[PDB]
*Asks:* 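Once you've had a glance at the structure underneath, I'll fire off some questions.
In each ligand, atom 1 is the first atom listed, and ligand 1 is the first ligand listed. Residues: numbered from 1 along the sequence shown. In what follows, every heavy atom counts, from backbone to side chain, and hydrogens, waters and symmetry copies are set aside.
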Amino acid sequence: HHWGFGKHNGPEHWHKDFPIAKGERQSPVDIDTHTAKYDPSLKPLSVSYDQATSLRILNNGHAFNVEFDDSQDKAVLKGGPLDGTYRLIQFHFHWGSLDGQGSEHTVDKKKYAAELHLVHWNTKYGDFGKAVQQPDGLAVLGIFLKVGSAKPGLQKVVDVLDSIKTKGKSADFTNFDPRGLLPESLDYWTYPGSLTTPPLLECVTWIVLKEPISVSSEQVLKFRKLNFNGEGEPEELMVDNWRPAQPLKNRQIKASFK
Ligand SMILES: [Zn+2]
């Protein structure tokens, strides 16, 4: 027995094992576009993924992560509301059982079909494990996905899901360019938050892009064929692996545009 997204171990139950679930800077949150404040002080985001080295894709029971070599500054995020350099370590998605839900953050209560999270850690802390213990340890880039035209750069990811259908399975996944997943514009909102699944640490500086990226119904459908369970166990489709919006509390969402 452990946390998950079922009826008996879902988000509403997490607080019992992870008290921080009721913390002061929990994520995700609803972005009210009319209360977000434009901040001219915010610099443009600097995404340098030209030297990114993807290594593997794995199904960890609650999503699938596409891991990168973070032993050097190969793929980094700088600028924006960030101080210092943040290295990309992995990216994953959260999606729903229907196209009308799936994203974690919502914009004016609007839910998207899915949400892509590119996780980066602050190099000043040495390693990922140390970074999660700091208030400015991680910087996650969030991108919304809407159902429409297919996204060419995502197909490579879609085609390998068959090999990692169940929990614990992994597959070599080299030479994948994450630049194919970015929208045209880099305008964003940002606020201090946390990791949206246990252990829900409040070490995140969220940077959610305003412009969604379109994927076809066929591409999202393949996400829904994954399993939460391990091989040989009863099948339970991996869908609705998103946490609902949490109270904003004493936080301000800033926008890089107006
Ligand atoms: Zn995530």
*Asks:* Could you list the residues that satisfy salt bridge (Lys or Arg N to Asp or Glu O under 4.0 Å) with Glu184, not counting sequence neighbours?
*Replies:* none

*Asks:* Fit a plane to each ring of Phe223 and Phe93, take the angle between them on a 0 to 90° scale, and name the class: parallel (under 30°), tilted (30 to 60°) or perpendicular (over 60°).
*Replies:* perpendicular

*Asks:* Suppose the cut-off is 2.8 Å; which protein N/O/S atoms would you list for the Zn ion (ligand 1)?
*Replies:*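 As for protein N, O or S atoms lying under 2.8 Å from the Zn ion (ligand 1), they are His92 NE2, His94 NE2, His117 ND1.
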
*Asks:* Using the side chain to side chain donor-acceptor pair (under 3.5 Å) rule, take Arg87 and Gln72 through it: C-alpha gap first, then chi angles, then the decisive distance, then the call.
*Replies:* CA-CA 8 Å; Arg87 291 181 189 165; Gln72 301 189 71; over 6 Å; no

*Asks:* Other members of the hydrophobic cluster containing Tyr191, with the 4.5 Å side-chain heavy-atom rule, please.
*Replies:*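 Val29, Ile31, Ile89, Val107, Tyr112, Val119, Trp121, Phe128, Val132, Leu138, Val140, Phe144, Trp189, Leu195, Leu201, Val204, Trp206, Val208, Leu248, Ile253, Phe257, which link up through side-chain heavy atoms under 4.5 Å apart, make up the rest of the cluster.
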
*Asks:* Tell me every residue that passes salt bridge (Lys or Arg N to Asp or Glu O under 4.0 Å) with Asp70, counting only those two or more places apart in sequence or in another chain.
*Replies:* none

*Asks:* Measure from the side-chain N and O atoms of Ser256 to the backbone N and O of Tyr188, and report whether any donor-acceptor pair falls under 3.5 Å.
*Replies:* yes

